[PDB]
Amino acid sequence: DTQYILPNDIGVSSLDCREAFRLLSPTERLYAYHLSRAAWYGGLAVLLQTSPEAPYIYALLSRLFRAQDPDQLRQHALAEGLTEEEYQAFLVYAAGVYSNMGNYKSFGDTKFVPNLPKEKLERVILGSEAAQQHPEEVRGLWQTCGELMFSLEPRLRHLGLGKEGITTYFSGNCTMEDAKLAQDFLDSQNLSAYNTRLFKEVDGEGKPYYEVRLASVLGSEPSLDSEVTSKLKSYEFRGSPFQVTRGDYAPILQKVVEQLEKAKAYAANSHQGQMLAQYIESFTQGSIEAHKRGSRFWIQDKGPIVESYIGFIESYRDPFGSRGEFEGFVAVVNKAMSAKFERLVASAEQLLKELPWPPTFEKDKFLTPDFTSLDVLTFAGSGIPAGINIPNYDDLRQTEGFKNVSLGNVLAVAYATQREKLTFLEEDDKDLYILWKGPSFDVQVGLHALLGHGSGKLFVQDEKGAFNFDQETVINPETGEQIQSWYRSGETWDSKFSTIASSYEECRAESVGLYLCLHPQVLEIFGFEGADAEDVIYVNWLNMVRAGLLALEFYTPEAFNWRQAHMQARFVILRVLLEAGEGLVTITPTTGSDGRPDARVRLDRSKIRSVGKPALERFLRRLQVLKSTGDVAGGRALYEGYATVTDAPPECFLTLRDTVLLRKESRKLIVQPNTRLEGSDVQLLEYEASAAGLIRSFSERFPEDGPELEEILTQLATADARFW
């Protein structure tokens, strides 16, 4: 029911970034304008990477709202018999589809449908102004996407491989076996999965043919020589036929490279210009290598005023865990807020030494990594995070360096909570939570990005056995023996740790955060001495255990599957801290003030150091050893053992999950501004923090070619329609 709809009173916050924009110089403004346009263009491909009906739903919504804005459409909808709550439910649904670039939650991977009868919405759409202006197109879109817009058939409710889930990273007939075979083939060919999808068809016999389609402007036709053009052929792999193609989301990426070229003229230094040239190469040919070189040049660009990144970056929504969803952000540095994080970087190399693993399992040389607090102007794609550690190319992360980023105006939008909505806490805890959540989050995000993802040495072996470490002298602390497991050529973290890689790495980074947060030097880096560092520590740990309880919302018990990486990680940390016993953390079911099942989380401040730190140290050592050896077997054992959701006493997590759902709060949607070019200058357009405001932000988002983007998405959808 309410699990698969967005509530009509869902929170909507407006991204606050007038001041960061007003800081920018004219050239910086035009640079950010063209980068934002490129990012917005590329984010449309997320619709294709989400569900088969998502591009149609986007086209239909954007056409509807081009013809009539929310207020114009309200009059029609109410004249056609809808109620104000039903029209509001439609507005909320459209705003969700816009904010996620799809009809599935980017945070939860669950479908959501309009919360009103389908026949009434049909009455609205077919009688609309866009219907009277384009009967064929609107009626075709409706007949194509309507019942899929509403259907909650159990196989449609969650993203996933196989038949019990939905994914467009693969064709409908693909299973985890097909993804595993595809990943082995890609590893054998040194072709990254990031910008690729996998389609499986059959001949008359029934023999599966595999297509690995690359995302590129150019198709399968003679173009200027690349490392990509040689790879466009058929292969045989373990008896299966594979076909490497390209040309995926081609006109979308065409628009993207147009805007990237235009931004290249207003680049500040040669680092930005060369990174943009390499991004154009990556998006036009299909080369993950070109994107790697661009990312190298990007890491070299230190402390720019307009920070940005774009491409098929994160692999959270690939049900297998290696393919990347498109994203792209433009942001302005916030030097005042970046002061504390540059401070954290100042003592970072010496801070790593305190982590619970020997320096043979740590990166060889500490590279001074850029860490800035950013104010977002654009974050296209399915979701806006709080912070990033990028690039995700671990080779680059170990040789050239990496960038850490804390999105300040996103953290600020998320900082606000009310006392009533703070569930599963006793009243004594809620006050400390309210008072310290923000600063504790600065601490936790800094530790998570810089010392979490930024720590760890992966043992890689060459094709001639050239270990990047010392096989003779490096000893495994968990067995006392020498190292026996490692990564090979083409093998990556996602490649070997597939479905659990994201959640596992996130769990490691946030355990690092919880662990190094006791260090008083860290707490004074953020200006919290013993008078208040006490409380910031306790609040960080209480927030962690509460998040571990709340994570039960993102677990499908029928599939025994975790749908969100960070929440699975926090449930793992909660179960770990429950494991040590000694009355540290206690989940106790209660009855709420409203007469419904509630729960309470008790965390003892004293046993955080005496009991919590030993368990976290043990756990961190296990995680890091298994990560550095690439021990998929033992890593899966550990993680999928802690991530196991059971109704075993006393915790009874399966019974708690019903309470967590019954008292869940929907994540707020975030309205983002647009930028316009008045020929000479660049102006910033903000919007109401509402469903209608987000709708308007997407109606004014593509003023030049909106109706063309709708048809591009429709065409790319119809072309692949046979896959689902």
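Heads up: residue numbers just count along the shown sequence, starting at 1.
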item: Between 98 to 106 and 573 to 581 (mean CA B-factor, as deposited), the higher; value: 573 to 581
item: 257 to 265 set against 592 to 600, stretch whose average Cα temperature factor tops the other in the entry; value: 592 to 600
item: From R197, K292, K437, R246, residue of greatest CA B-factor; value: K437
item: Out of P319, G387, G454, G513, residue topping the C-alpha B-factor column of the entry; value: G454
item: Third of the chain's Cα B-factor distribution that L78 belongs to, per the entry; value: middle
item: Third of chain Cα B-factors occupied by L425; value: highest
item: Chain third (lowest, middle, highest) by recorded CA B-factor, residue given as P55; value: lowest
item: Chain-relative CA temperature factor third for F341; value: highest
item: Chain thirds of CA B-factor: placement of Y393; value: middle
